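Undergrad: Sequence and experimental coordinates follow.
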Amino acid sequence: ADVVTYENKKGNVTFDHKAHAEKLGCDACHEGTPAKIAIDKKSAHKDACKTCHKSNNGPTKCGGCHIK
Ligand code: HEC
Ligand code: HEC
Ligand code: HEC
Ligand SMILES: [Cr+3]
């Protein structure tokens, strides 16, 4: 993937793989040999996302992902 996208019922969380890998670097999320990050509604709301945001981009809280 490169620009993973997820259509939600209350907004959207257009993810990024390549566009992100740029700043991230895989390891940023994964750790030696990828596979998955089990995202849905529990982790994506944890360190998963909320962690490497409060610094760049700007909106890290509500509105960040779910385009509001
Ligand atoms: C305001 C603080 C928020 C509301 C309202 C919702 N979120 Fe999020 N969110 C994020 C991700 C990466 C996901 C996983 C994608 C997936 O669903 O597979 C989610 C998911 C949701 C869900 C689940 C949707 C459903 O009912 O199927 C809901 C209801 C939801 N989010 C509401 C990411 C982010 C995030 C990144 C910056 C923020 C700040 C929030 N979500 C905050 C909200
Ligand atoms: C959970 C899978 C994530 C969601 C939801 C979002 N990200 Fe990120 N993110 C990071 C940086 C350094 C930026 C700015 C630079 C860039 O991405 O190249 C972003 C940006 C966003 C955006 C806006 C993208 C844009 O160019 O406008 C959204 C919607 C977004 N992120 C949602 C960093 C990180 C990161 C650090 C390791 C992680 C794990 C994530 N982002 C994950 C999520
Ligand atoms: C660096 C270029 C990489 C590599 C080698 C991998 N990714 Fe990621 N990844 C992230 C998340 C949240 C998931 C799960 C998505 C969800 O369930 O919503 C993934 C998943 C993977 C896979 C498995 C999925 C598949 O494509 O079948 C693989 C093989 C993978 N990744 C490899 C998150 C990030 C991310 C932070 C948002 C960054 C940067 C990357 N991934 C980058 C990489
Ligand atoms: Cr919450």
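TA: Here it is on my side, so go on. Residues are numbered from 1 along each chain as shown. Ligands and ions are numbered 1, 2, ... in the order given.
Undergrad: Contacts only, for the closest residue to ligand 3 within the chain.
TA: Ranking the residues of the chain by distance to ligand 3 (Cβ to the nearest ligand atom) places residue 26 first, at 2.6 Å. Where C-beta positions appear, they are placed from N, C-alpha and C, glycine not excepted. Residue 26 sits next to residue 34 when contact means Cβ atoms under 8 Å, 6 or more residues apart in numbering.
Undergrad: for residue 49, same thing?
TA: With Cβ under 8 Å, 6+ apart, residue 49 has these contacts: 64, 65.
Undergrad: That one falls within a helix, correct?
TA: No. The assignment for residue 49, made by DSSP: H, G, I helix; E, B strand; the rest coil, is coil rather than a helix.
Undergrad: quick one, phi/psi of residue 20?
TA: phi -90, psi -50 (degrees, to the nearest 10).
Undergrad: any idea how far ligand 1 is from residue 54?
TA: Distance of residue 54 to ligand 1, given as Cβ to the nearest ligand atom, to the nearest Å: 10 Å.
Undergrad: Tell me if I'm right that that residue and residue 47 touch.
TA: No. Between residue 54 and residue 47 there is no contact under Cβ atoms under 8 Å: 11.6 Å.
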